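*Asks:* For reference, this is run34.pdb, and it has PDB, C-alpha atoms.
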```pdb
ATOM      1  CA  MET A   1      19.179  20.020  -8.744
ATOM      2  CA  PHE A   2      17.848  20.969  -5.293
ATOM      3  CA  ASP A   3      17.274  19.447  -1.809
ATOM      4  CA  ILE A   4      14.331  19.454   0.628
ATOM      5  CA  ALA A   5      14.693  20.184   4.368
ATOM      6  CA  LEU A   6      12.057  19.571   7.121
ATOM      7  CA  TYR A   7      12.488  21.605  10.364
ATOM      8  CA  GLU A   8      11.416  19.442  13.375
ATOM      9  CA  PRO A   9       8.896  17.346  11.357
ATOM     10  CA  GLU A  10       5.926  16.032  13.511
ATOM     11  CA  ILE A  11       3.861  13.400  11.514
ATOM     12  CA  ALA A  12       5.829  10.286  10.304
ATOM     13  CA  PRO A  13       3.429   9.388   7.403
ATOM     14  CA  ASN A  14       4.115  12.881   5.872
ATOM     15  CA  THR A  15       7.923  12.307   6.111
ATOM     16  CA  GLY A  16       7.292   8.906   4.409
ATOM     17  CA  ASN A  17       5.440  10.579   1.509
ATOM     18  CA  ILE A  18       8.187  13.291   1.224
ATOM     19  CA  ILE A  19      10.930  10.535   0.975
ATOM     20  CA  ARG A  20       9.071   9.017  -2.066
ATOM     21  CA  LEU A  21       8.543  12.543  -3.441
ATOM     22  CA  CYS A  22      12.328  13.264  -3.146
ATOM     23  CA  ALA A  23      13.097  10.097  -5.238
ATOM     24  CA  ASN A  24      10.660  11.278  -8.001
ATOM     25  CA  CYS A  25      12.401  14.703  -8.427
ATOM     26  CA  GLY A  26      16.011  13.724  -7.577
ATOM     27  CA  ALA A  27      16.172  15.753  -4.284
ATOM     28  CA  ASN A  28      17.992  14.616  -1.104
ATOM     29  CA  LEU A  29      16.018  15.023   2.205
ATOM     30  CA  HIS A  30      17.401  16.867   5.300
ATOM     31  CA  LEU A  31      15.627  16.299   8.688
ATOM     32  CA  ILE A  32      16.466  18.951  11.346
ATOM     33  CA  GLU A  33      16.088  17.450  14.887
ATOM     34  CA  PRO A  34      14.249  17.061  17.108
ATOM     35  CA  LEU A  35      11.783  14.838  15.140
ATOM     36  CA  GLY A  36       8.240  14.176  16.526
ATOM     37  CA  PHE A  37       8.769  10.413  15.759
ATOM     38  CA  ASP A  38      11.544   7.717  15.864
ATOM     39  CA  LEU A  39      13.293   6.970  12.474
ATOM     40  CA  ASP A  53      15.218   4.240   1.050
ATOM     41  CA  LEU A  54      16.917   6.424   3.797
ATOM     42  CA  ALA A  55      20.020   6.472   1.411
ATOM     43  CA  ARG A  56      19.056  10.081   0.442
ATOM     44  CA  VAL A  57      18.084  11.136   4.078
ATOM     45  CA  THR A  58      20.459  13.135   6.385
ATOM     46  CA  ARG A  59      19.674  14.084  10.046
ATOM     47  CA  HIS A  60      21.070  17.355  11.535
ATOM     48  CA  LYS A  61      21.273  18.005  15.360
ATOM     49  CA  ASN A  62      19.918  21.569  14.881
ATOM     50  CA  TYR A  63      19.539  24.443  12.364
ATOM     51  CA  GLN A  64      23.145  25.700  12.870
ATOM     52  CA  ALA A  65      24.546  22.140  12.223
ATOM     53  CA  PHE A  66      22.368  22.060   9.022
ATOM     54  CA  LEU A  67      23.971  25.396   7.914
ATOM     55  CA  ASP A  68      27.482  24.062   8.871
ATOM     56  CA  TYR A  69      26.815  20.948   6.663
ATOM     57  CA  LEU A  70      25.646  23.127   3.649
ATOM     58  CA  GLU A  71      28.675  25.557   3.784
ATOM     59  CA  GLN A  72      31.063  22.643   3.013
ATOM     60  CA  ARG A  73      28.909  21.382   0.065
ATOM     61  CA  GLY A  74      29.132  24.279  -2.414
ATOM     62  CA  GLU A  75      26.514  26.823  -3.598
ATOM     63  CA  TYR A  76      23.158  26.941  -1.763
ATOM     64  CA  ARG A  77      20.213  29.181  -0.855
ATOM     65  CA  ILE A  78      17.546  28.357   1.777
ATOM     66  CA  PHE A  79      13.969  29.088   0.520
ATOM     67  CA  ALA A  80      11.579  29.035   3.515
ATOM     68  CA  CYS A  81       7.891  28.071   3.001
ATOM     69  CA  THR A  82       5.977  30.765   5.023
ATOM     70  CA  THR A  83       2.694  32.779   4.851
ATOM     71  CA  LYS A  84       4.774  35.834   6.074
ATOM     72  CA  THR A  85       5.628  37.129   2.571
ATOM     73  CA  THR A  86       3.927  38.666  -0.520
ATOM     74  CA  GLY A  87       6.026  36.517  -2.953
ATOM     75  CA  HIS A  88       4.686  33.126  -4.151
ATOM     76  CA  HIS A  89       6.687  29.973  -5.033
ATOM     77  CA  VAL A  90       6.478  30.890  -8.828
ATOM     78  CA  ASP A  91       8.040  34.419  -8.275
ATOM     79  CA  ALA A  92      11.287  32.914  -6.831
ATOM     80  CA  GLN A  93      13.980  32.021  -9.441
ATOM     81  CA  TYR A  94      15.543  28.665  -8.359
ATOM     82  CA  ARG A  95      19.123  27.558  -9.091
ATOM     83  CA  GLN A  96      21.116  24.367  -8.622
ATOM     84  CA  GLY A  97      21.975  23.976  -4.889
ATOM     85  CA  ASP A  98      18.695  25.554  -3.611
ATOM     86  CA  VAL A  99      17.211  23.976  -0.455
ATOM     87  CA  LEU A 100      13.391  24.037   0.044
ATOM     88  CA  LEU A 101      12.799  24.373   3.846
ATOM     89  CA  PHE A 102       9.441  23.568   5.557
ATOM     90  CA  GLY A 103       8.416  23.766   9.209
ATOM     91  CA  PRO A 104       5.901  21.449  10.924
ATOM     92  CA  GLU A 105       2.414  21.456   9.344
ATOM     93  CA  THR A 106       0.645  22.982  12.406
ATOM     94  CA  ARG A 107       3.381  25.548  13.512
ATOM     95  CA  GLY A 108       5.466  26.553  10.427
ATOM     96  CA  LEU A 109       9.033  27.893  10.874
ATOM     97  CA  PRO A 110      10.192  30.030  13.774
ATOM     98  CA  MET A 111      10.754  33.794  13.303
ATOM     99  CA  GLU A 112      14.561  33.463  14.035
ATOM    100  CA  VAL A 113      14.887  31.125  10.953
ATOM    101  CA  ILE A 114      12.589  33.153   8.609
ATOM    102  CA  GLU A 115      14.131  36.549   9.518
ATOM    103  CA  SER A 116      17.714  35.161   8.853
ATOM    104  CA  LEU A 117      16.802  34.976   5.112
ATOM    105  CA  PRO A 118      16.490  37.617   2.394
ATOM    106  CA  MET A 119      12.826  38.563   1.666
ATOM    107  CA  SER A 120      13.141  36.945  -1.858
ATOM    108  CA  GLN A 121      13.921  33.501  -0.201
ATOM    109  CA  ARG A 122      10.574  33.584   1.715
ATOM    110  CA  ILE A 123       7.859  31.906  -0.376
ATOM    111  CA  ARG A 124       4.132  31.354   0.147
ATOM    112  CA  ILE A 125       1.900  28.982  -1.847
ATOM    113  CA  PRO A 126      -1.307  30.662  -3.154
ATOM    114  CA  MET A 127      -4.542  29.612  -1.390
ATOM    115  CA  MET A 128      -8.277  30.454  -1.410
ATOM    116  CA  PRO A 129      -9.558  32.556   1.550
ATOM    117  CA  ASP A 130     -10.888  30.344   4.459
ATOM    118  CA  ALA A 131      -8.993  27.185   3.262
ATOM    119  CA  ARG A 132      -7.267  24.941   5.913
ATOM    120  CA  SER A 133      -3.390  24.681   5.772
ATOM    121  CA  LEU A 134      -2.070  22.238   3.080
ATOM    122  CA  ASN A 135      -0.967  18.755   4.083
ATOM    123  CA  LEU A 136       2.855  19.272   4.369
ATOM    124  CA  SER A 137       3.729  16.608   1.722
ATOM    125  CA  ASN A 138       1.361  18.361  -0.827
ATOM    126  CA  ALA A 139       3.071  21.729  -0.050
ATOM    127  CA  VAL A 140       6.514  20.043  -0.635
ATOM    128  CA  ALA A 141       5.296  18.483  -3.942
ATOM    129  CA  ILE A 142       3.981  21.908  -5.153
ATOM    130  CA  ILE A 143       7.196  23.838  -4.395
ATOM    131  CA  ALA A 144       9.559  20.965  -5.473
ATOM    132  CA  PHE A 145       7.779  20.590  -8.861
ATOM    133  CA  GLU A 146       7.866  24.401  -9.472
ATOM    134  CA  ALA A 147      11.673  24.449  -8.788
ATOM    135  CA  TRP A 148      12.107  21.397 -11.064
ATOM    136  CA  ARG A 149      10.000  23.092 -13.796
ATOM    137  CA  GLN A 150      12.276  26.199 -13.715
ATOM    138  CA  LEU A 151      15.318  23.839 -13.922
ATOM    139  CA  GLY A 152      13.827  22.173 -17.109
ATOM    140  CA  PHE A 153      12.984  18.896 -15.195
ATOM    141  CA  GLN A 154      16.692  17.981 -15.699
ATOM    142  CA  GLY A 155      17.100  14.206 -15.047
ATOM    143  CA  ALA A 156      13.449  13.182 -15.817
ATOM    144  CA  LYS A 157      12.856   9.872 -17.769
ATOM    145  CA  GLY A 158      12.542  10.433 -21.583
ATOM    146  CA  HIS A 159      13.708  14.098 -21.146
TER     147      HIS A 159
ATOM    148  CA  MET B   1     -11.479  27.377 -12.366
ATOM    149  CA  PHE B   2     -11.207  23.579 -12.642
ATOM    150  CA  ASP B   3     -12.388  20.379 -10.867
ATOM    151  CA  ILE B   4     -10.632  17.177  -9.744
ATOM    152  CA  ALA B   5     -12.026  13.670 -10.392
ATOM    153  CA  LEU B   6     -10.845  10.366  -8.781
ATOM    154  CA  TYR B   7     -11.719   7.140 -10.696
ATOM    155  CA  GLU B   8     -12.495   4.329  -8.168
ATOM    156  CA  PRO B   9     -10.220   5.766  -5.415
ATOM    157  CA  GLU B  10      -8.755   3.030  -3.058
ATOM    158  CA  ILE B  11      -7.056   4.675   0.039
ATOM    159  CA  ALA B  12      -9.348   6.919   2.218
ATOM    160  CA  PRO B  13      -6.497   9.029   3.769
ATOM    161  CA  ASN B  14      -5.480  10.121   0.194
ATOM    162  CA  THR B  15      -9.109  11.177  -0.584
ATOM    163  CA  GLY B  16      -9.021  13.116   2.747
ATOM    164  CA  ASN B  17      -5.853  14.987   1.700
ATOM    165  CA  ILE B  18      -7.334  15.680  -1.809
ATOM    166  CA  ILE B  19     -10.533  17.209  -0.193
ATOM    167  CA  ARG B  20      -8.306  19.718   1.745
ATOM    168  CA  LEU B  21      -6.259  20.280  -1.433
ATOM    169  CA  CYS B  22      -9.482  21.071  -3.413
ATOM    170  CA  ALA B  23     -10.423  23.775  -0.805
ATOM    171  CA  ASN B  24      -6.938  25.413  -1.183
ATOM    172  CA  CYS B  25      -7.259  25.810  -5.014
ATOM    173  CA  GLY B  26     -11.052  26.298  -5.317
ATOM    174  CA  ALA B  27     -11.706  22.941  -7.130
ATOM    175  CA  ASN B  28     -14.777  20.713  -6.562
ATOM    176  CA  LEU B  29     -14.056  16.932  -6.113
ATOM    177  CA  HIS B  30     -15.780  14.172  -8.188
ATOM    178  CA  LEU B  31     -15.568  10.535  -6.893
ATOM    179  CA  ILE B  32     -16.406   7.886  -9.553
ATOM    180  CA  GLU B  33     -17.773   4.690  -7.863
ATOM    181  CA  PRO B  34     -17.042   2.098  -6.763
ATOM    182  CA  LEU B  35     -14.871   3.525  -3.908
ATOM    183  CA  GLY B  36     -12.429   1.226  -1.995
ATOM    184  CA  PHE B  37     -13.805   2.708   1.312
ATOM    185  CA  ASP B  38     -17.137   3.906   2.876
ATOM    186  CA  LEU B  39     -17.737   7.747   2.820
ATOM    187  CA  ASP B  53     -16.316  19.481   4.213
ATOM    188  CA  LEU B  54     -18.091  17.092   1.696
ATOM    189  CA  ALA B  55     -19.989  20.288   0.468
ATOM    190  CA  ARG B  56     -17.672  20.319  -2.618
ATOM    191  CA  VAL B  57     -17.748  16.443  -3.111
ATOM    192  CA  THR B  58     -20.027  14.706  -5.710
ATOM    193  CA  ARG B  59     -20.310  10.880  -6.167
ATOM    194  CA  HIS B  60     -21.040   9.402  -9.652
ATOM    195  CA  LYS B  61     -22.348   5.779 -10.166
ATOM    196  CA  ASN B  62     -19.870   5.237 -13.053
ATOM    197  CA  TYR B  63     -17.761   7.017 -15.721
ATOM    198  CA  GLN B  64     -20.732   7.470 -18.132
ATOM    199  CA  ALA B  65     -22.857   9.081 -15.313
ATOM    200  CA  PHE B  66     -19.844  11.411 -14.619
ATOM    201  CA  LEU B  67     -19.832  12.417 -18.348
ATOM    202  CA  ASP B  68     -23.686  12.831 -18.280
ATOM    203  CA  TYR B  69     -23.301  15.186 -15.226
ATOM    204  CA  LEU B  70     -20.538  17.297 -16.991
ATOM    205  CA  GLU B  71     -22.503  17.730 -20.314
ATOM    206  CA  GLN B  72     -25.256  19.662 -18.450
ATOM    207  CA  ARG B  73     -22.720  21.951 -16.647
ATOM    208  CA  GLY B  74     -21.149  23.881 -19.545
ATOM    209  CA  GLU B  75     -17.628  23.766 -21.068
ATOM    210  CA  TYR B  76     -15.263  20.980 -19.931
ATOM    211  CA  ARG B  77     -12.277  18.853 -20.965
ATOM    212  CA  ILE B  78     -11.093  15.686 -19.151
ATOM    213  CA  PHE B  79      -7.265  15.630 -18.645
ATOM    214  CA  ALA B  80      -6.211  12.086 -17.634
ATOM    215  CA  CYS B  81      -3.074  11.570 -15.470
ATOM    216  CA  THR B  82      -1.244   8.648 -17.240
ATOM    217  CA  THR B  83       2.347   7.464 -17.991
ATOM    218  CA  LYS B  84       1.037   6.482 -21.523
ATOM    219  CA  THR B  85       1.906   9.822 -23.184
ATOM    220  CA  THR B  86       4.965  11.941 -24.166
ATOM    221  CA  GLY B  87       3.286  15.218 -22.988
ATOM    222  CA  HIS B  88       3.828  16.462 -19.398
ATOM    223  CA  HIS B  89       1.380  18.415 -17.179
ATOM    224  CA  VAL B  90       3.172  21.757 -18.130
ATOM    225  CA  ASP B  91       2.702  21.166 -21.955
ATOM    226  CA  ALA B  92      -1.141  21.067 -21.612
ATOM    227  CA  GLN B  93      -2.892  24.494 -21.825
ATOM    228  CA  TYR B  94      -5.698  24.504 -19.180
ATOM    229  CA  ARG B  95      -8.955  26.484 -19.420
ATOM    230  CA  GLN B  96     -11.876  27.176 -17.105
ATOM    231  CA  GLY B  97     -14.057  24.011 -16.877
ATOM    232  CA  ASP B  98     -11.109  21.537 -17.159
ATOM    233  CA  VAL B  99     -11.388  18.369 -15.028
ATOM    234  CA  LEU B 100      -8.167  16.699 -13.734
ATOM    235  CA  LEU B 101      -8.861  12.900 -13.678
ATOM    236  CA  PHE B 102      -6.740  10.377 -11.683
ATOM    237  CA  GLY B 103      -7.043   6.605 -11.353
ATOM    238  CA  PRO B 104      -6.140   4.582  -8.234
ATOM    239  CA  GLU B 105      -2.506   4.972  -7.095
ATOM    240  CA  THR B 106      -1.531   1.309  -7.777
ATOM    241  CA  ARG B 107      -3.533   0.719 -11.084
ATOM    242  CA  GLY B 108      -3.988   4.100 -12.884
ATOM    243  CA  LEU B 109      -6.878   4.582 -15.361
ATOM    244  CA  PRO B 110      -8.244   1.887 -17.641
ATOM    245  CA  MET B 111      -7.401   1.905 -21.381
ATOM    246  CA  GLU B 112     -11.124   2.461 -22.364
ATOM    247  CA  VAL B 113     -11.071   5.821 -20.422
ATOM    248  CA  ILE B 114      -7.590   6.976 -21.622
ATOM    249  CA  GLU B 115      -8.209   6.066 -25.300
ATOM    250  CA  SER B 116     -11.578   8.029 -25.275
ATOM    251  CA  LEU B 117      -9.528  11.277 -24.946
ATOM    252  CA  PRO B 118      -7.481  13.304 -27.428
ATOM    253  CA  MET B 119      -3.694  12.690 -27.071
ATOM    254  CA  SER B 120      -3.251  16.347 -25.818
ATOM    255  CA  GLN B 121      -5.593  15.587 -22.792
ATOM    256  CA  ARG B 122      -3.276  12.734 -21.622
ATOM    257  CA  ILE B 123      -0.672  14.111 -19.196
ATOM    258  CA  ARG B 124       2.268  12.545 -17.360
ATOM    259  CA  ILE B 125       4.193  14.093 -14.448
ATOM    260  CA  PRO B 126       8.008  14.048 -14.961
ATOM    261  CA  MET B 127       9.926  11.553 -12.777
ATOM    262  CA  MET B 128      13.498  10.270 -12.266
ATOM    263  CA  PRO B 129      14.256   6.763 -13.661
ATOM    264  CA  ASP B 130      13.729   3.975 -11.002
ATOM    265  CA  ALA B 131      11.483   6.192  -8.754
ATOM    266  CA  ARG B 132       8.334   4.605  -7.139
ATOM    267  CA  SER B 133       4.875   5.991  -8.250
ATOM    268  CA  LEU B 134       3.881   9.313  -6.538
ATOM    269  CA  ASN B 135       1.470   9.273  -3.617
ATOM    270  CA  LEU B 136      -1.847  10.117  -5.419
ATOM    271  CA  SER B 137      -2.531  13.293  -3.342
ATOM    272  CA  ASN B 138       0.997  14.661  -4.270
ATOM    273  CA  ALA B 139       0.268  13.932  -7.985
ATOM    274  CA  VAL B 140      -3.099  15.823  -7.630
ATOM    275  CA  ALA B 141      -1.359  18.789  -5.888
ATOM    276  CA  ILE B 142       1.294  18.966  -8.691
ATOM    277  CA  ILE B 143      -1.208  18.954 -11.583
ATOM    278  CA  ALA B 144      -3.819  21.158  -9.761
ATOM    279  CA  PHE B 145      -1.184  23.835  -8.938
ATOM    280  CA  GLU B 146       0.143  23.828 -12.563
ATOM    281  CA  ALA B 147      -3.445  24.368 -13.903
ATOM    282  CA  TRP B 148      -3.991  27.121 -11.295
ATOM    283  CA  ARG B 149      -0.648  28.752 -12.267
ATOM    284  CA  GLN B 150      -1.717  28.892 -15.965
ATOM    285  CA  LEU B 151      -5.072  30.412 -14.822
ATOM    286  CA  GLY B 152      -3.165  33.197 -12.881
ATOM    287  CA  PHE B 153      -4.110  31.663  -9.436
ATOM    288  CA  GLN B 154      -7.498  33.439  -9.891
ATOM    289  CA  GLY B 155      -9.265  33.557  -6.470
ATOM    290  CA  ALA B 156      -6.089  33.301  -4.274
ATOM    291  CA  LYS B 157      -5.920  35.471  -1.051
ATOM    292  CA  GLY B 158      -4.140  38.855  -1.632
ATOM    293  CA  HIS B 159      -4.178  38.226  -5.452
TER     294      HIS B 159
END
```
Let me see the structure of the file written as structure tokens.

*Replies:*
Amino acid sequence: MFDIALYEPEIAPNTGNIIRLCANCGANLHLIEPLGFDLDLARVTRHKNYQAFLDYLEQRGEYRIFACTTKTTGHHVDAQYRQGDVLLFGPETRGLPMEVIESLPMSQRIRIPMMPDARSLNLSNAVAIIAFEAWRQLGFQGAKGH
Amino acid sequence: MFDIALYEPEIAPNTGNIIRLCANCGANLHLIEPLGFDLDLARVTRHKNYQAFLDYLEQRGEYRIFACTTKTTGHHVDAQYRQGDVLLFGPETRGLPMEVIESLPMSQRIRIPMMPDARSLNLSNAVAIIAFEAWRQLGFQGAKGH
């Protein structure tokens, strides 16, 4: 239904959790280099840089990049997901650069609700939250017993 | 709006992630002993056993225990959450015992959708998924800018 992309991921254990998460919801995982670690992987694709990631997507049919950012008023539930959507996340401590975020329509910028004075989410929990909202809107197509 | 409870949690790093997660959605965290590790914590309460956990809840107004289990046809989106609900999770590798699950109405037993042949979810990702679905149904009451 959709894919997950990590921009320059930093913490290997998080990328480990996100690989398992991708198997549970049927997503393939895109890692945009450079990684903060050295690197089952049958659903994992590495891209040299953001532009190479875009060049790879153009050849593979319909897509939209939804960027996880605090720099928006729209939450992950307000977006309307479609087959081919890609859920993009920056490093846990830095988020995505402005040149990536500003390349996207305002409606493809999504923030996860949070209480005032809370710490950032663990990246893998943020992926799980957005991935399961996309999958909900797509009727959990592919789920066991469904 | 709601609280999270871990039955005999095993892996400390997961409990760490779930503490941060609880701060993001405004939940308090209940740990039902024994823990698999020795143990900010201002929102964390330890209970000697399941019955002590129930004795603590009875004195603190309206509640329902929703148990995360594969032993149900109903998914986390089919449940209708209310203020006072408690989201209960067993250890990642064992899940909850039958004597806990069977004490609950069938509508308080929830499973997260998953692809056939996927590994179990990391516990903290399963908590994030159910916690953010409850919070969605409760209008993300308390969220920044909301």

*Asks:* Running the ChimeraX specification (/A :<10) & /B on this model by hand, what would come out? Give it as a count of residues only.

*Replies:* 43

*Asks:* Please evaluate the PyMOL selection byres ((chain B and resi 9) around 10) against the displayed coordinates and give the resulting residues as a list in words.

*Replies:* residues 5, 6, 7, 8, 10, 11, 12, 14, 15, 31, 32, 33, 34, 35, 36, 37, 102, 103, 104, 105, 108 and 136 of chain B

*Asks:* Can you provide chain B as a short mmCIF file (atom, residue, chain, number, x, y, z; two decimals) with C-alpha atoms, in the frame of the given file, superposed onto chain A by least squares across all C-alpha atoms matched in order?

*Replies:*
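New file superposed31.cif:
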```
data_model
loop_
_atom_site.label_atom_id
_atom_site.label_comp_id
_atom_site.auth_asym_id
_atom_site.auth_seq_id
_atom_site.Cartn_x
_atom_site.Cartn_y
_atom_site.Cartn_z
CA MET B 1 19.18 20.02 -8.74
CA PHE B 2 17.85 20.97 -5.29
CA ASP B 3 17.27 19.45 -1.81
CA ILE B 4 14.33 19.45 0.63
CA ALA B 5 14.69 20.18 4.37
CA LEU B 6 12.06 19.57 7.12
CA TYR B 7 12.49 21.60 10.36
CA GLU B 8 11.42 19.44 13.38
CA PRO B 9 8.90 17.35 11.36
CA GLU B 10 5.93 16.03 13.51
CA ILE B 11 3.86 13.40 11.51
CA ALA B 12 5.83 10.29 10.30
CA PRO B 13 3.43 9.39 7.40
CA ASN B 14 4.11 12.88 5.87
CA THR B 15 7.92 12.31 6.11
CA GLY B 16 7.29 8.91 4.41
CA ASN B 17 5.44 10.58 1.51
CA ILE B 18 8.19 13.29 1.22
CA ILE B 19 10.93 10.54 0.98
CA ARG B 20 9.07 9.02 -2.07
CA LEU B 21 8.54 12.54 -3.44
CA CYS B 22 12.33 13.26 -3.15
CA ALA B 23 13.10 10.10 -5.24
CA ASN B 24 10.66 11.28 -8.00
CA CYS B 25 12.40 14.70 -8.43
CA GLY B 26 16.01 13.72 -7.58
CA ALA B 27 16.17 15.75 -4.28
CA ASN B 28 17.99 14.62 -1.10
CA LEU B 29 16.02 15.02 2.20
CA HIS B 30 17.40 16.87 5.30
CA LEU B 31 15.63 16.30 8.69
CA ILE B 32 16.47 18.95 11.35
CA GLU B 33 16.09 17.45 14.89
CA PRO B 34 14.25 17.06 17.11
CA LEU B 35 11.78 14.84 15.14
CA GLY B 36 8.24 14.18 16.53
CA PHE B 37 8.77 10.41 15.76
CA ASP B 38 11.54 7.72 15.86
CA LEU B 39 13.29 6.97 12.47
CA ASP B 53 15.22 4.24 1.05
CA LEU B 54 16.92 6.42 3.80
CA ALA B 55 20.02 6.47 1.41
CA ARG B 56 19.06 10.08 0.44
CA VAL B 57 18.08 11.14 4.08
CA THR B 58 20.46 13.13 6.38
CA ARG B 59 19.67 14.08 10.05
CA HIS B 60 21.07 17.35 11.53
CA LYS B 61 21.27 18.00 15.36
CA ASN B 62 19.92 21.57 14.88
CA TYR B 63 19.54 24.44 12.36
CA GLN B 64 23.15 25.70 12.87
CA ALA B 65 24.55 22.14 12.22
CA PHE B 66 22.37 22.06 9.02
CA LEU B 67 23.97 25.40 7.91
CA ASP B 68 27.48 24.06 8.87
CA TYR B 69 26.82 20.95 6.66
CA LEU B 70 25.65 23.13 3.65
CA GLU B 71 28.68 25.56 3.78
CA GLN B 72 31.06 22.64 3.01
CA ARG B 73 28.91 21.38 0.06
CA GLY B 74 29.13 24.28 -2.41
CA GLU B 75 26.51 26.82 -3.60
CA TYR B 76 23.16 26.94 -1.76
CA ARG B 77 20.21 29.18 -0.85
CA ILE B 78 17.55 28.36 1.78
CA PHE B 79 13.97 29.09 0.52
CA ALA B 80 11.58 29.03 3.52
CA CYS B 81 7.89 28.07 3.00
CA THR B 82 5.98 30.77 5.02
CA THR B 83 2.69 32.78 4.85
CA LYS B 84 4.77 35.83 6.07
CA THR B 85 5.63 37.13 2.57
CA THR B 86 3.93 38.67 -0.52
CA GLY B 87 6.03 36.52 -2.95
CA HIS B 88 4.69 33.13 -4.15
CA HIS B 89 6.69 29.97 -5.03
CA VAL B 90 6.48 30.89 -8.83
CA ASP B 91 8.04 34.42 -8.28
CA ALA B 92 11.29 32.91 -6.83
CA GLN B 93 13.98 32.02 -9.44
CA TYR B 94 15.54 28.67 -8.36
CA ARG B 95 19.12 27.56 -9.09
CA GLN B 96 21.12 24.37 -8.62
CA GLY B 97 21.98 23.98 -4.89
CA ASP B 98 18.70 25.55 -3.61
CA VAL B 99 17.21 23.98 -0.45
CA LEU B 100 13.39 24.04 0.04
CA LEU B 101 12.80 24.37 3.85
CA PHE B 102 9.44 23.57 5.56
CA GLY B 103 8.42 23.77 9.21
CA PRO B 104 5.90 21.45 10.92
CA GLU B 105 2.41 21.46 9.34
CA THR B 106 0.65 22.98 12.41
CA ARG B 107 3.38 25.55 13.51
CA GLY B 108 5.47 26.55 10.43
CA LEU B 109 9.03 27.89 10.87
CA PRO B 110 10.19 30.03 13.77
CA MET B 111 10.75 33.79 13.30
CA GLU B 112 14.56 33.46 14.03
CA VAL B 113 14.89 31.13 10.95
CA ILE B 114 12.59 33.15 8.61
CA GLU B 115 14.13 36.55 9.52
CA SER B 116 17.71 35.16 8.85
CA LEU B 117 16.80 34.98 5.11
CA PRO B 118 16.49 37.62 2.39
CA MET B 119 12.83 38.56 1.67
CA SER B 120 13.14 36.95 -1.86
CA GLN B 121 13.92 33.50 -0.20
CA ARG B 122 10.57 33.58 1.72
CA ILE B 123 7.86 31.91 -0.38
CA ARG B 124 4.13 31.35 0.15
CA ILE B 125 1.90 28.98 -1.85
CA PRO B 126 -1.31 30.66 -3.15
CA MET B 127 -4.54 29.61 -1.39
CA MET B 128 -8.28 30.45 -1.41
CA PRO B 129 -9.56 32.56 1.55
CA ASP B 130 -10.89 30.35 4.46
CA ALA B 131 -8.99 27.19 3.26
CA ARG B 132 -7.27 24.94 5.91
CA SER B 133 -3.39 24.68 5.77
CA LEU B 134 -2.07 22.24 3.08
CA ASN B 135 -0.97 18.76 4.08
CA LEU B 136 2.86 19.27 4.37
CA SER B 137 3.73 16.61 1.72
CA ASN B 138 1.36 18.36 -0.83
CA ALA B 139 3.07 21.73 -0.05
CA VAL B 140 6.51 20.04 -0.63
CA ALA B 141 5.30 18.48 -3.94
CA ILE B 142 3.98 21.91 -5.15
CA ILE B 143 7.20 23.84 -4.40
CA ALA B 144 9.56 20.96 -5.47
CA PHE B 145 7.78 20.59 -8.86
CA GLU B 146 7.87 24.40 -9.47
CA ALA B 147 11.67 24.45 -8.79
CA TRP B 148 12.11 21.40 -11.06
CA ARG B 149 10.00 23.09 -13.80
CA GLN B 150 12.28 26.20 -13.71
CA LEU B 151 15.32 23.84 -13.92
CA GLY B 152 13.83 22.17 -17.11
CA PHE B 153 12.98 18.90 -15.20
CA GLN B 154 16.69 17.98 -15.70
CA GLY B 155 17.10 14.21 -15.05
CA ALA B 156 13.45 13.18 -15.82
CA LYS B 157 12.86 9.87 -17.77
CA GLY B 158 12.54 10.43 -21.58
CA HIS B 159 13.71 14.10 -21.15
#
```

*Asks:* Quote the spacing between atom CA of residue A:111 and atom CA of residue A:83 in Å to one decimal place.

*Replies:*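 Atom-to-atom, atom CA of residue A:111 and atom CA of residue A:83 are spaced 11.7 Å apart.
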
*Asks:* For the structure provided, state which residues fall under the PyMOL selection byres ((chain B and resi 67) around 12), and present them as a list in words.

*Replies:*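 Given this file, the PyMOL selection byres ((chain B and resi 67) around 12) evaluates to residues 5, 30, 32, 60, 61, 62, 63, 64, 65, 66, 68, 69, 70, 71, 72, 73, 74, 75, 76, 77, 78, 99, 101, 113 and 116 of chain B.
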
*Asks:* Fewer than 6 positions away in the same chain doesn't count, so skip those; otherwise give me all residues within 8 Å of residue B:87, counting all atoms listed in the file, as an NGL selection string.

*Replies:* :B and (120 or 122-124)

*Asks:* Would you mind exporting C-alpha atoms of the selected residues as an mmCIF file, in the coordinates of the input?

*Replies:*
```cif
data_model
loop_
_atom_site.group_PDB
_atom_site.id
_atom_site.type_symbol
_atom_site.label_atom_id
_atom_site.label_comp_id
_atom_site.auth_asym_id
_atom_site.auth_seq_id
_atom_site.Cartn_x
_atom_site.Cartn_y
_atom_site.Cartn_z
ATOM 1 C CA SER B 120 -3.251 16.347 -25.818
ATOM 2 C CA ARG B 122 -3.276 12.734 -21.622
ATOM 3 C CA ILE B 123 -0.672 14.111 -19.196
ATOM 4 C CA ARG B 124 2.268 12.545 -17.360
#
```

*Asks:* Return the single residue from B:59, B:82, B:1, B:151 that is closest to residue B:106, with distances computed using all atoms listed in the file.

*Replies:*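 Of B:59, B:82, B:1, B:151, the one nearest residue B:106 is B:82, counting all atoms listed in the file.
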
*Asks:* For a quick check of understanding, using only C-alpha atoms, which of A:121, A:93, A:85, A:58 has the smallest distance to residue A:3?

*Replies:*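 The closest residue to residue A:3 is A:58.
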
*Asks:* Record the distance separating atom CA of residue B:79 and atom CA of residue A:152, expressed in Å with one decimal.

*Replies:*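 It comes out at 22.1 Å.
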
*Asks:* Can you tell me how far atom CA of residue A:55 sits from atom CA of residue A:150, in Å to one decimal?

*Replies:*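 Computing the Euclidean distance for atom CA of residue A:55 and atom CA of residue A:150 yields 26.0 Å.
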